[PDB]
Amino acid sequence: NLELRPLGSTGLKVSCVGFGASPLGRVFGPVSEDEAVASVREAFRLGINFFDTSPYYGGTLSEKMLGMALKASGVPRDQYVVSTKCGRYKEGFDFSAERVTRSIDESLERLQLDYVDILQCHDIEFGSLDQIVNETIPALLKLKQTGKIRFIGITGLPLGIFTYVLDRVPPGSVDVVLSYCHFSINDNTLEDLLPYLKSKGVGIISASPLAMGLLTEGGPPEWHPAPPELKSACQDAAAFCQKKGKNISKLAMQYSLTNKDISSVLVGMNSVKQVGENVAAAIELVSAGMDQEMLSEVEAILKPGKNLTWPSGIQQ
């Protein structure tokens, strides 16, 4: 019953909830292996057909667990969409043509796949954007000829990296854009970029619907780089939801799915419960709507931290 959305000009249809395999790359051994197979089986059972990973996640382990889980699924390969990344690894950054040419082979080995649907540059704000335009993207175009990848993407936090690159590449070079932390209750600045991206036929994928933990009752992690004004606004709104006996994670996830110009919202999932929670929240949004009274009250509490971002990347 999960809704599928068109992905730009790719001709692909992805589920509005995407499976982010970032948390699959933890620990090691039978435990995390049977949890990876279990969650992906649940994802397929509930209608999820979009899986995103990166060799950075788990130090290439998340790619391994995802590939084993997708292999154990028994689902035809052309009936789900796989996305992996390149350029960012546990040893650092390398967006060179040589690195990204070797990476797709290393990733496909770990994923046990013959191809990935999308290969995306991972956090280009840590590299020279001119290298991305003139070297990395022309390299991935050649990989697209080999059939090992079918669509090209770029990812990162600051929205400006999308306009900079897409202004300077030949039309059609980039097929997909992956942004994060910019379409949630506290930050919806990705809306400004949608008309720009649709004008070029680029698919739009959002991520971090909970602002990487800011919109959870447990709270943000200790390493979270949000300004203290945003973290205070988010924790007060989570307590407000807690006092009223509701879950701010559900409201934040439902909000991120209200704009169908975003083809899919990737959310990290490592448990069957997490998959069913987000899929049911998406289904509940379509069948029962959204709690407008709760959203209006949470949005007012988050006004002090509205659209507040943080520094990301290097300097150019």
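So that there is no doubt, residue numbering starts at 1 and follows the sequence shown.
As listed in the deposited structure, the average C-alpha B-factor of 169-177 and of 212-220 is greater for 212-220. Relative to one another, 45-53 and 268-276 have unequal mean CA B-factors, and 268-276 is the one with the higher figure. Of all the options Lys90, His122, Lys144, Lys244, the entry's greatest CA B-factor is assigned to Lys244. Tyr196 sits in the middle third of its chain by CA B factor, as recorded in the PDB entry. When all modelled residues of the chain are sorted by CA temperature factor, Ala21 is found within the middle third.
In the deposited entry, the Cα temperature factor of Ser206 sits in the bottom third of values across the chain's modelled residues. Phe95 sits in the lowest third of its chain by CA B factor, as recorded in the PDB entry. The entry lists a Cα temperature factor for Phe240 that places it in the highest third of the chain's modelled residues.
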